[PDB]
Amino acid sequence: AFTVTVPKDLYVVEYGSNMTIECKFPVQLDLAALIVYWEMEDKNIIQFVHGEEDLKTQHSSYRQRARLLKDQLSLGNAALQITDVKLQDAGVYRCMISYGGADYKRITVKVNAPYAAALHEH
């Protein structure tokens, strides 16, 4: 059965940093058979369908900050890079991968920030 794995399911990062969170899936890669869908608490981050990124329902809090590392896909690695991490990025992410089957995993992200930074986003 198709299984998605997460070697690391807890990330603790500082606000303003860049972070790359990863889900592994078994793989030469056939982009025509692949869907990668990253989401966090009902906010869509990445929809990648047959080699094309669809931003149509990406949540505005992630606009211009979220990237799927496409070169990693050929390694069986769905790697989501978030730049300039916000307080609002803390939470549980789900990677939903379809590739001859479908599975998902949950990744917890914590963001540390001083009071003034958390107040910026309050």
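In this text, residue numbers run from 1 along the sequence as written.
A chain break between residue 27 and residue 28 is present, corresponding to 1 to 3 residues of the deposited sequence without coordinates. When the mean C-alpha temperature factors of 105-113 and 15-23 are read from the deposited coordinates, 15-23 comes out higher. Higher mean CA temperature factor, per the PDB entry, when comparing 39-47 with 58-66: 58-66. Take 32, 75, 97, 90 and read off each C-alpha B-factor from the entry; 75 has the highest.
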